[PDB]
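Heads up: the structure comes next, in structure tokens.
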Amino acid sequence: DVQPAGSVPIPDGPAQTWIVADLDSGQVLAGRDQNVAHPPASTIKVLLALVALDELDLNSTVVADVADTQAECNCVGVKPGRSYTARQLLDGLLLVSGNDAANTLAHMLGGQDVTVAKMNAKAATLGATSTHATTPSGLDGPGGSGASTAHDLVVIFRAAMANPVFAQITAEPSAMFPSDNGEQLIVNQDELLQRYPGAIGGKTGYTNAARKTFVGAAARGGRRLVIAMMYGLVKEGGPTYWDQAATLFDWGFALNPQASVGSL
């Protein structure tokens, strides 16, 4: 790791790369291999959300087709021939990591290939130049597993948090999603919201190639932090990803505000 001289040693955790940064100033407080590329898994859905929020009206609708509904789970439950709003799909995308929601948003954005090109273009405008999406969902695609870095993930999340709708959604405990029998309540799978006072958003991910990933943010004592963690596996009786995230936030909030190791 790299952390400021004299600071409290950062406890070991499952994440093999990670970064702790200030959401507002862009100061980097600490990092471990924060520029090393690994597959992002579902954390890349945040990048899809940015594109969707830029281009799509929240109340515009799409009729899902069969192709939209054929990716492996997680699924929010998109059904072919049914109508959904961009907002509904974004809730599905961000609360339950719905791959069907991702593919249906990609449908609204002009298709899979076009959506991936738009995501990569968006990463470039943000200076996230170590990021390459291959699918809208973060699933392995024909182009491979894709790539991001802990640094790029917080850069992307920082941009997303600036959007008031994104900030609202990522922090919602629940949302209503269309079903046959009307509407089904879906719950936010981000347990940091429930376990860590001051958490304001987050997105988890897993694939075999990515292992566990996470990006998210919290606010305490007037400061707002953003962290990302990549390429990790939880060992029996070891810290979980939720544990290490809380440990990193706690460490960051306790840090002398003048201390830093670099900037975004």
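Position 1 is the first residue of the sequence, and the numbers go up from there. Computation of the quantities below employed the complete heavy-atom set of this structure, encompassing side-chain atoms and omitting hydrogens, waters and symmetry-equivalent molecules.
- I200 is listed as a side-chain neighbour of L23, based on a closest heavy-atom distance under 4.5 Å.
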message = Between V63 and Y84, is the side chain to side chain contact (heavy atoms under 4.5 Å, CB included) condition met? List the steps.
response = CA-CA 7 Å; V63 170; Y84 302 87; over 6 Å; no
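- Not counting sequence neighbours, the partners of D250 by the side chain to side chain contact (heavy atoms under 4.5 Å, CB included) test are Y196, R220.
- No side-chain heavy atom of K212 sits less than 4.5 Å from a side-chain heavy atom of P14.
- The 12-atom threshold is not exceeded at CG of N208, counting heavy atoms of other residues, nucleotides or ligands nearer than 6.0 Å.
- In this structure, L48 and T115 have side chains that are in contact, with non-hydrogen atoms separated by less than 4.5 Å.
- Residues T85 and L89 have side chains not in contact (no heavy-atom distance under 4.5 Å, counting atoms from C-beta outward).
- If you chain together hydrophobic residues whose side chains sit under 4.5 Å apart, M161 and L94 fall into the same group.
- To the nearest 0.5 Å, atom CG of residue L139 and atom OG1 of residue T207 are 8.0 Å apart.
- The closest donor-acceptor contact from the side chain of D100 to the backbone of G77 lies under 3.5 Å.
- Ring centroids of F214 and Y206 are separated by 6.0 Å or more, keeping the two rings apart.
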message = Under the criterion side chain to side chain contact (heavy atoms under 4.5 Å, CB included), I'd like the reasoning laid out for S260 against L29: C-alpha separation, chi angles, the key distance, then a yes or no.
response = CA-CA 4 Å; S260 71; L29 289 66; 5.8 Å; no
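- Using a 4.5 Å heavy-atom cutoff, the side chains of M229 and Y241 are in contact.
- Between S83 and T61, the closest side-chain pair of non-hydrogen atoms falls below 4.5 Å.
- To the nearest 0.5 Å, atom CG of residue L105 and atom NZ of residue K45 are 10.5 Å apart.
- Shortest non-hydrogen contact noted between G201 and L193 is N-CD2, 4.0 Å.
- When all heavy atoms are compared, the tightest approach of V78 to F177 is CG2-CZ, 4.1 Å.
- A salt bridge links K122 with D54: the distance from a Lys NZ or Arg NE/NH1/NH2 to an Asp or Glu carboxylate oxygen falls below 4.0 Å.
- Closest approach of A209 and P39 over heavy atoms only: O-CG, 3.7 Å.
- Between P142 and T134 the shortest side-chain heavy-atom distance does not fall below 4.5 Å.
- Under the 4.5 Å side-chain heavy-atom criterion for ILVMFWY residues, a single connected hydrophobic cluster contains both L90 and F157.
- Although no hydrogens or angles enter the test, the distance criterion places a donor-acceptor pair under 3.5 Å between the side chain of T69 and the main chain of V66.
- Nearest heavy-atom pair across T149 and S130 is CG2-CB, 3.6 Å.
- Partners of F253 according to the ring pair (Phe, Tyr, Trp, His ring centres under 6.0 Å) rule, which considers only residues two or more places apart in sequence or in another chain, do not exist here.
- Between the side chain of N188 and the backbone N or O of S174, no donor-acceptor pair lies under 3.5 Å.
- Surrounding CZ of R158 are more than 12 heavy atoms belonging to other residues, nucleotides or ligands, all under 6.0 Å away.
- Side-chain atoms of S145 and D140 form a donor-acceptor pair, as typed in the model, at a separation below 3.5 Å.
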task = Report the C-alpha distance between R224 and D22 in whole Å, list the side-chain angles of each, state the deciding distance to 0.1 Å, and finish with yes or no for side chain to side chain contact (heavy atoms under 4.5 Å, CB included).
result = CA-CA 6 Å; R224 309 196 292 180; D22 182 308; 5.5 Å; no
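- No chain of hydrophobic side-chain contacts below 4.5 Å, direct or via other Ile, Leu, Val, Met, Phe, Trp or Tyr residues, connects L50 to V114.
- We find the CG-OG1 distance between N120 and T131 to be 8.5 Å, quoted to the nearest 0.5 Å.
- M230 CE to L153 CG: the interatomic distance, rounded to the nearest 0.5 Å, is 4.5 Å.
- Under the 4.5 Å side-chain criterion, counting only non-hydrogen atoms from C-beta, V36 is not in contact with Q16.
- In this structure, the separation between CG on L264 and CG on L126 is 11.5 Å, given to the nearest 0.5 Å.
- Follow the hydrophobic side-chain contacts under 4.5 Å out from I44 and you never reach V116; the two are in separate clusters.
- In this structure, the side chain of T170 engages the main chain of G202 through a donor-acceptor pair within 3.5 Å.
- In this structure, the side chain of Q3 engages the main chain of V8 through a donor-acceptor pair within 3.5 Å.
- Taking all atoms of both residues into account, the shortest heavy-atom contact from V261 to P4 is CG1-N, 3.6 Å.
- The distance from atom CH2 of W18 to atom CZ of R32, rounded to the nearest 0.5 Å, is 8.0 Å.
- Note on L93: it clusters hydrophobically with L58, by side-chain heavy-atom contacts below 4.5 Å among ILVMFWY residues.
- Between the side chains of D33 and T17, no donor N or O sits under 3.5 Å from an acceptor N or O.
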query = Can you check side chain to side chain contact (heavy atoms under 4.5 Å, CB included) on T213 and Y231, steps first, answer last?
reply = CA-CA 6 Å; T213 59; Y231 205 62; over 6 Å; no
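- Across every non-hydrogen atom of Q112 and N103, the tightest pair is NE2-OD1, 3.0 Å.
- Partner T43 forms a side chain to side chain contact (heavy atoms under 4.5 Å, CB included) with one of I156, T204, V215 and no other, that one being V215.
- In this structure, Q244 contributes its side chain and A15 its backbone to a donor-acceptor pair below 3.5 Å.
- Judged by distance alone, the side chain of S60 and the main-chain N or O of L56 form no donor-acceptor pair under 3.5 Å.
- For the residue pair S97 and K203, a side-chain donor N or O sits within less than 3.5 Å of a side-chain acceptor on the partner.
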